[PDB]
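A.B. asks: PDB entry and its sequence, pasted below:
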Amino acid sequence: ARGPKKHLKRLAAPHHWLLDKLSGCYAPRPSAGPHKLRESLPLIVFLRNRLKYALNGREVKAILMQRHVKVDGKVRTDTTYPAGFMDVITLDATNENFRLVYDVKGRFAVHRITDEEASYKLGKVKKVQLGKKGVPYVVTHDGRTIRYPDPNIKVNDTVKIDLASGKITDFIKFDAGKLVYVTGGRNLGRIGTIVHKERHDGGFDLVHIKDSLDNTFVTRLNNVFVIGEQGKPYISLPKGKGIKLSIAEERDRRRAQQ
Amino acid sequence: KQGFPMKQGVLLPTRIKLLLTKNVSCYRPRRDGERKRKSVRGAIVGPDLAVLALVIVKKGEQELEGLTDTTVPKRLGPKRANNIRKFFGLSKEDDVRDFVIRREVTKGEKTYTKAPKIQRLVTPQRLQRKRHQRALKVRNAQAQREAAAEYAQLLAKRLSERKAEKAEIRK
Amino acid sequence: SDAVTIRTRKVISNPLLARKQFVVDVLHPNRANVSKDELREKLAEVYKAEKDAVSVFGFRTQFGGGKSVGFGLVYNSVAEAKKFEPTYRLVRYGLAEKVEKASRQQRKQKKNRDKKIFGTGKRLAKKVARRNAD
Amino acid sequence: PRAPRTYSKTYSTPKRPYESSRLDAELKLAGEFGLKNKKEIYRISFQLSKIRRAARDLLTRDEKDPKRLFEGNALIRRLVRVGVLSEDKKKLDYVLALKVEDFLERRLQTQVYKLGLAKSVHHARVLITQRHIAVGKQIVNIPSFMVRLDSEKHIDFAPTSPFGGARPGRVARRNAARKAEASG
RNA sequence: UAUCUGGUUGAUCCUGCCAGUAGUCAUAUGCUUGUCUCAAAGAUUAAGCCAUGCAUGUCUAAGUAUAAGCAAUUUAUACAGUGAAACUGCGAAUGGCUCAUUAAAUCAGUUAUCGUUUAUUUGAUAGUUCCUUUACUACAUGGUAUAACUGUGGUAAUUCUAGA
RNA sequence: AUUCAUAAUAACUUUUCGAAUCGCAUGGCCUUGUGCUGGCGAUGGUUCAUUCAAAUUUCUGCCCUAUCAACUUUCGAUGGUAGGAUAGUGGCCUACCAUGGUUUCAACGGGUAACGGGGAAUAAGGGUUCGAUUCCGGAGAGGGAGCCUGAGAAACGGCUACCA
């Protein structure tokens, strides 16, 4: 390999796309974008495999090129555009609306949304910095770059971004009790409240979380996402409010819904 | 013989190899950056030749038919606006949309003059784009200046509030 | 077919391609199978559309005969169907015509032959003719 | 290239291939259940071995361990659903008590014979493979088709078969034509 | 499903190996051959040699088109559509094959870039472009070339190309 | 954690950038002029940030051989400092200097019928053997070297030379 990679094979693709293993040899390599190649759901898989609104790569390209699909506030035509965690995928043609979010098993949910909540999104700043001419600014996990943010905001706090014009609307500070949404690791999709952090010097920061069932767990800070106050999120939550049931509990729920 | 072109600049009557490169005659690079070892005959004239390419720099006193006697046209008239202007010796205000060469072409009995399009032509669309550029740049400057002012006031208010907080401190 | 009673399930509408798509099944007891025309006409009349506006494909006859399942796709207009369906399916439906592209090997041969010629080659044809005469 | 299509073997040939006791015992099973090869016996014994291995693992597991409960419940549930186990013997150790004859008894061959549709087990197999039997309402012609504990109510002659009310077969139809021609 | 059996002796108990037995997404081969699903396949010896044919090109409304192309300017005398050729921008540095070389090398888990570069995507982001500092600047926009094409050619021959 | 971010002074630069590009739409304002203003975009562009990457790098781990016991230090070996070079660290290279570095806890050398791993076969438990091969990471286009374009190549379905 003497350059960038431009292919992906289905076994190499991240599992949480739920791509089947015998439908062709290749996978949609999410083109460069605002989110990592992993932890990002391309529009090709989103439309074809989740919504089932189109059966082919050809058909998905038709959807995108007639511009019925717009991610966040902006129309996108990249068949493999890497829609990420907090992305709002609009689909105005059908008057549908979704926000990407993880179910408790660790997969992007099909979580539908209302327009008053599709107009905005949350963002966990990955750093605060000074741009040129002395301009302080922040960048979110989505790469969105916001200038002149509120000076009380620090790293890994949460921004509430308007899709009409990416700008600080308010922020939630990272301290004990704040509702967090665990984005990755073995607890991907969990929701809980911080009880305290470790703050390792040099080492990876760690935070202990307990949820409404007191099913406490521990997760790295590069992996958490505060999205509101105790039991009051800044968005809607997917099915189940991020509660993880045991295998026995899941079997019971399936039997009870039979 | 063997059809090796006589390269310009190479000072010997023999055939020699050259790593011919772009912007040089005798060789056309098939891939960008490519260089190929071609064979070129020297600029010194010799018996080796089969043909000699000559162009007349001063006409003699008698005619050659395939030469000065007859002529062929400049196959294409100018296509850029200022080149039309220089060709016709026009002044500043002379129009060009009607001095374009309406070269005739007849498809059977269907005659028409498909004249060349004119580039670098002054047209209101370009003025629209230029003025749009100006408004865009000034709008951005105004917006950036006003936003900087707002944050400056916000940080100033933060300073005042911290001063009030320290007043609450220290009793 | 005797007692087709064609059933349609999971009938989700997509305004994106402006159609209604469903998993279709056909019960054909005592008859071998049902064909594209007989499926499309019945689907067209039940969905209030022209015969061409509705598309069906993927019919697998289930073991023992009796019934098969395919996929049904009813468009919002003939123009929508013409734009959205693949050309193979249109010529499958008889609306369109098979594209007359040559075989791959002959087609690829043409590419590599014309790759050897730079530009139009009209001057080259004249020059080759003059030398061949010479 | 493509992801690999996984596969595995379903039977285990025995060590000590020529124990006269085992050969006689397995032929008794083959004769009384109308099996074609010893491969069927090996497959059922391999299957029983797999279930017994899993049940032994889980039975030595500590009581009301989450893994034991979940896995044991699933194991017994599919056992009783296929009907090999019986609801009176709901506990897990009864799986260890199971024998290869139990799975053979629930095979489609013997269920057709027990329901009375067949003259014998060999007549049953011919009837199954010739697409004259049907479960639910659909023709099934795998003799090894396991019947769930609820499909005995649906095993009977196939609607496409002459024994299910369909067209009068082929040789009878040919012989009927010959009779009409000879009387013509 | 934590198992052994035949062989040294007239006979016994042993060390001991030979042989047996069962498995191999383990190779080859022999005999034989109905059906369904699935499916490996010139690695092993020779990363030995290769005929032939293909395997990387690409255009929209949105860079340049007077083809002496196609249909019409039923929208037009500068262009108006479509389009060969060609220049221009991207790509050709991915994929595919093989395992020859390599024994702290690679690779695996785990790290750091406070130690660097990064086409592209994404988000922001150039009043100082008068700078030799208000016409170097015509700013209703400046200049130059050269392809494509025509025509004369050369070589047995190339995806060669000269001169105008 | 920083000589960080970023800002401020003095100059330098053979000087980069800051738009002479393109499609649709043609709306408003009157002092009605081809006047002033105008939308939806496409392309392009400096710095930062993101993404896709890339290059180095910490620690630990590798088959058989003593019928390989000392190895490295000409003309780099270990290190110091300064400079070139690099996109960047660095004996990567150069210059001066010190004489160091590895080893019986197996250095160094040889063989490998050795690409490494996820894994495969077979086992009560421990293990034994296999992994060229569908995934990841390396390396190569007959051997070897050199190098143009580009962001990315020691590229070979790209060039240069030698070898066959």
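C.D. replies: Yep, that arrived. Numbers count the residues shown, from 1 in each chain, chains lettered A, B, ... in the order given.
A.B. asks: who touches the residue most central in space within chain C in this structure?
C.D. replies: Taking C-alpha atoms, centre = their mean as the criterion, residue C:89 is the residue nearest the geometric centre of chain C, at 0.9 Å. Residue C:89 sits next to C:55, C:57 when contact means C-beta atoms under 8 Å, 6 or more residues apart in numbering or on different chains. From N, CA and C alone the C-beta is placed, and that goes for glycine too.
A.B. asks: List phi and psi for the closest residue to residue C:77 other than its chain neighbours.
C.D. replies: Nearest in space to residue C:77, with sequence neighbours left out and distances taken as C-beta to C-beta, 6 or more residues apart in numbering or on different chains, is residue C:53 at 6.5 Å. Here is the backbone geometry of residue C:53 (degrees, to the nearest 10): phi -60, psi -20.
A.B. asks: State the number of residues packed around residue C:53.
C.D. replies: Each residue near residue C:53 was counted by other C-beta atoms under 10 Å in any protein chain shown, and the total is 22.
A.B. asks: same deal with residue D:111?
C.D. replies: If you count neighbours by other C-beta under 10 Å, residue D:111 ends up with 23.
A.B. asks: Now for the residue of chain B found nearest chain C, how many residues are close by?
C.D. replies: Relative to chain C, the nearest point of chain B is residue B:28 (7.7 Å; C-beta to the nearest C-beta). Counted with other C-beta under 10 Å, the neighbours of residue B:28 add up to 11.
A.B. asks: who in chain C is up against RNA strand E?
C.D. replies: Selection of chain C residues close to RNA strand E by C-beta under 7 Å from any atom of the strand yields C:104-105, C:108-109, C:111-124, C:126-127, C:130-131, C:134.
A.B. asks: about what we covered before: can you give me the distance of the residue of chain B closest to chain C to residue B:51?
C.D. replies: 21 Å (C-beta to C-beta, to the nearest Å).
A.B. asks: what about the one residue in chain C that gets nearest to RNA strand F, helix or strand, and which?
C.D. replies: For chain C, the residue closest to RNA strand F is residue C:112, as judged by C-beta to the nearest atom of the strand, at 9.2 Å. In the assignment (DSSP states H and E), residue C:112 maps to helix C:104-115.
A.B. asks: what does residue D:181 give?
C.D. replies: helix D:171-183.
A.B. asks: how about that helix, does it reach chain C?
C.D. replies: No - counting by C-beta under 8 Å from any C-beta of the partner chain, chain C has no neighbours in helix D:171-183; the shortest distance is 16.0 Å.
A.B. asks: hmm, who's touching that helix?
C.D. replies: D:162, D:167, D:168.
A.B. asks: most surrounded residue in these?
C.D. replies: In terms of neighbours by other C-beta under 10 Å, the contacts of helix D:171-183 top out with residue D:162 at 15 neighbours.
A.B. asks: Quick check: that one vs RNA strand E, distance?
C.D. replies: Taking C-beta to the nearest atom of the strand, to the nearest Å as the measure, residue D:162 falls 22 Å from RNA strand E.
A.B. asks: coming back round to it: please verify my assumption that the residue nearest to residue C:77 contacts residue C:43.
C.D. replies: No - using C-beta atoms under 8 Å, residue C:53 makes no contact with residue C:43, being 9.5 Å away.
A.B. asks: anything in contact with each of these two?
C.D. replies: With C-beta under 8 Å, 6+ apart as the test, residue C:53 and residue C:43 both reach residue C:74.
A.B. asks: ok, so what distance separates residue C:63 from chain A?
C.D. replies: Distance of residue C:63 to chain A, computed by C-beta to the nearest C-beta, to the nearest Å: 22 Å.
A.B. asks: Apart from its chain neighbours, what residue comes closest to that residue?
C.D. replies: In space, residue C:63 comes closest to residue D:139 once its chain neighbours are excluded; the distance is 6.3 Å by C-beta to C-beta, 6+ apart.
A.B. asks: ok, now residue D:13?
C.D. replies: Spatial nearest neighbour of residue D:13, chain neighbours left out: residue D:42 (6.1 Å); criterion: C-beta to C-beta, 6+ apart.
A.B. asks: Tell me the first helix or strand C-terminal of the one helix or strand residue D:75 maps to.
C.D. replies: If you go by DSSP H and E, residue D:75 is part of helix D:66-82. Counting by DSSP H and E, the next helix or strand C-terminal to helix D:66-82 is helix D:93-97.
A.B. asks: How far does that next one sit from its chain's centre?
C.D. replies: Remark: helix D:93-97 is offset 20 Å from the chain centroid, using C-alpha atoms, centre = their mean, to the nearest Å.
A.B. asks: ditto for stretch D:78-87
C.D. replies: Centre-to-centre, stretch D:78-87 and its host chain are 13 Å apart (C-alpha atoms, centre = their mean).
A.B. asks: Keeping just the C-alphas, turn it into CSV.
C.D. replies: The C-alpha trace of stretch D:78-87 is given here as CSV (Å, rounded to 0.1, in the frame of the first residue of the first chain):
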residue,chain,number,x,y,z
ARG,D,78,-36.2,-27.1,21.9
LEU,D,79,-36.1,-30.6,23.2
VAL,D,80,-39.7,-30.6,24.3
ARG,D,81,-40.8,-28.5,21.3
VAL,D,82,-39.3,-31.2,19.0
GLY,D,83,-41.0,-33.6,21.4
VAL,D,84,-38.0,-35.9,22.0
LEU,D,85,-38.2,-35.0,25.6
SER,D,86,-41.6,-35.1,27.4
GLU,D,87,-43.1,-32.4,29.6
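A.B. asks: for it, which positions count as buried?
C.D. replies: For stretch D:78-87, burial by neighbour count (16 or more other C-beta atoms under 10 Å in any protein chain shown) applies to D:79, D:80, D:83, D:84, D:85.
A.B. asks: which residues touch the last one?
C.D. replies: Each residue near residue D:85 by C-beta under 8 Å, 6+ apart is listed here: D:76, D:79, D:94, D:95, D:98.
A.B. asks: which one is the residue nearest in space to the middle of chain D nearest to, not counting chain neighbours?
C.D. replies: Of all residues in chain D, the one closest to the mean position by C-alpha atoms, centre = their mean is residue D:107, 2.2 Å from it. Nearest residue to residue D:107, sequence neighbours excluded (C-beta to C-beta, 6+ apart): residue D:144, at 5.8 Å.
A.B. asks: which of the contacts of residue D:85 count as buried?
C.D. replies: D:76, D:79, D:95, D:98.
A.B. asks: leaving aside the residues next to it on the chain, what's closest to residue 154?
C.D. replies: Because you didn't say which chain, this covers chain A. Closest to residue A:154 by C-beta to C-beta, 6+ apart is residue A:128, at 6.4 Å.
A.B. asks: look at chain D instead
C.D. replies: Using C-beta to C-beta, 6+ apart, the closest residue to residue D:154 is residue D:136 (5.0 Å).
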